[PDB]
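These notes concern the structure reproduced below.
Note that the chains are named A, B, C, D, E, F, G, H and I in the order they appear, and that numbering of residues resets to 1 at the start of each chain.
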Amino acid sequence: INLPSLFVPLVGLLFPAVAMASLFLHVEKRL
Amino acid sequence: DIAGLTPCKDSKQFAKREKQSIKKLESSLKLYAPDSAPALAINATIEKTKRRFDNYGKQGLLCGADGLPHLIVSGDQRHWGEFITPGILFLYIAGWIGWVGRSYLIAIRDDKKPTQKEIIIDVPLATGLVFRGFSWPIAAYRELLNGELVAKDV
Amino acid sequence: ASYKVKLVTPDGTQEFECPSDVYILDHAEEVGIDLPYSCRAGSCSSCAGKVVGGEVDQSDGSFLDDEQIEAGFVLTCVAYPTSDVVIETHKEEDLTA
Amino acid sequence: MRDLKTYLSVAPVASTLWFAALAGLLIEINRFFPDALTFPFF
Amino acid sequence: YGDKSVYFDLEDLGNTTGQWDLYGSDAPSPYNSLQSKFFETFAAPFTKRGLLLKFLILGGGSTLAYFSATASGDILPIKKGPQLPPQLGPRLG
Amino acid sequence: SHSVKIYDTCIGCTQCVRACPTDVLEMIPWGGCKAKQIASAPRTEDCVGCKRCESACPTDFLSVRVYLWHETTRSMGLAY
Amino acid sequence: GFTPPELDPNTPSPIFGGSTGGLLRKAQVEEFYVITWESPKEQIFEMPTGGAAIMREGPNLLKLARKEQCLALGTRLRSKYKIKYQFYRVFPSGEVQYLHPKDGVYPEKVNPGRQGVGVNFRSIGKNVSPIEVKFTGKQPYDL
Amino acid sequence: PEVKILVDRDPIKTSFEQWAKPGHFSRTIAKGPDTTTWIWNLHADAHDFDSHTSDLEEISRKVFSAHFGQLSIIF
Amino acid sequence: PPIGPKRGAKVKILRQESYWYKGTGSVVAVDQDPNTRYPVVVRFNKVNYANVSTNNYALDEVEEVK
């Protein structure tokens, strides 16, 4: 219920994971 | 006075500094033989320190809140001894040096192997040339007027 | 001063007049016995020759082996003929090996 | 002798002798007129 | 290729370029068939690239979200909060 | 692939050709000088961009110029 | 017009003990080079990748992973020894491609069968300003 | 095979000729300097005896006497 | 009738990509040949950055000076 308790892990842990996985996937293979 | 400073001879902090300085040296003189080499050397520098403070007082220097003799370079004629007459002396000496060097460079520029006379100085030519620096100001003025100081063609 | 210079050459062997202060190749052009050249600055094998007698000043030399100076080879473009030396022309490749 | 005179005028030796003379001159000058922050004669 | 001294042949470039596999077994499944039939039946739904990736990301995300939004005070001092009165600054406070 | 150009100030000394590590340059007939020779660059797809050829050019300014450009694995000198 | 020599496999290669400077995956998937020379006698020569090898009396064929390494070995063979060499480029296809000396004579020797590639008939000081080739795909030097 | 003292008499005559000449050992240096880079090279290769020549005998003679000079400095 | 400045002359350089640009040099030889784009050969008293003191020039790049 404490809003930081949710948004600081998601933005600090989940979001970089998703974004970096996606950006690696996009940058590192041929179209 | 100028910039709120006060004549060191009449300042109190300037004196306090002098007495404090002189005080510590006197302590160094103690714990040794009264007329020993080290003690004699300490005495000498004590007298030297007293002479320096009196010389500063006599020359009419300006002292601030720390008692340190500040130097005025605005051009006030009460203070030309601080910057402007030493400045004229410096400009004279530096023009001497530069003019002698330039004279030498020009004189050796006409040989086939001019670099030989640069890594190995022709000292006879140099000693013939050194004393033209004495009149370097007149020579340089007349060279500028002649138009031969600055190379044309460049 | 102006010592006579002898040059063996496929055209033959001729004699020309040139002052010790000048390169053999430069005055050769003034007379007119044609020799090879390219850079004219002492850094290539084009104007190479070797000597039969005497020796030329090695002061005007560069881009040469620490031996080409004393094993015989020389560059006509960058060389002062200190004596009545006899030199070879068209000598690049037996220098090029 | 001639060659010794030459070598004694090579750049490093010429400059060390010049600067040693200059250092001696300045040292003596400040040994006679010490602690000088200005030109007090005129 | 490998005829005493030669090691180069256009017909077999892979042997020439050392395209070997120095440690592969080329042996049959050491696992008993019964055991194989138990695993590949239960671990099957996790072998689709996009499916596995999406499920992994979102499941782990909500895992972390739940486990941190509902952590107790004895796990993280950041949620236990302060337990003492605060001091004053050099002049403020 | 780097781009190597030869300019007409070339004296055809051929020192640069004898300098290149990858056999990019060549000597070809010409008529604009006393050697009847000039440098060509028919194989710049192998040029590593080392520019040894420029340090061997005795002309002023240079007659052989290497403009580094898009990189290949040949251009980057990579053995892996 | 100088039919290039065709690569002859079964040609022996120098006596080497092996090295960690040899071929790699790039030779497996993209390309590698092969150099050949003929060796008046059996001698010791420094390998362009590692230590020293022994060239055999008779045909020598060495496979290197870099063209630059091949040319280095060729220069060393050609002037320290007096040996004539040729090298080729091999693709994972099984294609070979004669590389050097391209037209039978070394490139330092002018040959009357070569065309000019990348020659500009002007001095290097007469290239246009970049502003002149702005917004067109050309480079001021490529002109 | 056997070991003995083996010497050479007066290989180089002491003289002030080469002091007057800066970089006598290097042929290029000996001639003289065109730029400021020549002065730096003169110092950078002063004690690289194995490049002033190729004779091992000369290199080792130079090394021996340089060691003597160093010992004198230490003393 | 020969071409370009005479041998031994004093010519100013006008090729702005040259090291001695706007400087002066001494002519050494101008080939009478046509078909050469840079006949003049000029020697200078100062090396360039490549330690080279002679260079070829075209007739328009040199300009005889006093």
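Heads up, the rule we're going with is that a residue touches a chain if its C-beta (ideal position, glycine included) is under 8 Å from a C-beta of that chain, and two chains touch if they have at least 3 such contacts.
Colleague: So which chains are sitting against chain C and chain H at once?
Modeller: Intersection of chain C and chain H contact lists gives I.
Colleague: Among all chains, which one's averaged Cα position is nearest the averaged Cα position of every protein chain shown?
Modeller: The most central chain, going by mean C-alpha position, is F.
Colleague: Mind checking the centre-to-centre distance between chain D and chain G? Centres are C-alpha means, answer in whole Å.
Modeller: Roughly 64 Å separates the two chain centres.
Colleague: Give, as an integer number of Å, the spacing between the C-alpha centres of chain G and chain B.
Modeller: Averaging C-alpha atoms per chain gives centres 70 Å apart.
Colleague: Between chain A and chain D, what is the gap in Å from one C-alpha centre to the other?
Modeller: 73
Colleague: Any idea how many Å lie between the Cα centroids of chain C and chain F?
Modeller: Averaging C-alpha atoms per chain gives centres 29 Å apart.
Colleague: Specify, in ascending order, the residues of chain D that touch 2 or more different other chains.
Modeller: Those would be 6, 10.
Colleague: Two or more other chains in contact with one residue: find those residues in chain A.
Modeller: None at all.
Colleague: When you check chain F against every other chain, which residues touch at least two of them?
Modeller: 8-9, 11, 14, 34, 58, 61
Colleague: Please list each pair of chains that are touching.
Modeller: Result of the pairwise touch check is A-E, B-D, B-H, C-F, C-H, C-I, D-H, E-G, F-G, F-I, G-I, H-I.
Colleague: Please name which positions on chain C make contact with chain I in the complex.
Modeller: The touching residues are 26, 29, 40-41, 43, 62.
Colleague: Give every residue of chain G touching chain I within the complex, in rising order.
Modeller: Residues in contact with chain I: 123-125.
Colleague: Residues of chain B touching chain D in their complex?
Modeller: Chain B residues touching chain D: 48, 51-52, 55-56, 58-59, 61, 69, 71, 81-82, 85-86, 89, 118-123.
Colleague: Under the touch definition given earlier, write down the residues of chain A that touch chain E in their complex.
Modeller: Going through chain A, the ones touching chain E are 1-2, 5-6, 9-10, 13-14, 17-18, 21.
Colleague: Using the touch definition up top, name the residues of chain F that touch chain C in the complex.
Modeller: Of all residues in chain F, those touching chain C are 11-15, 34-35, 58.
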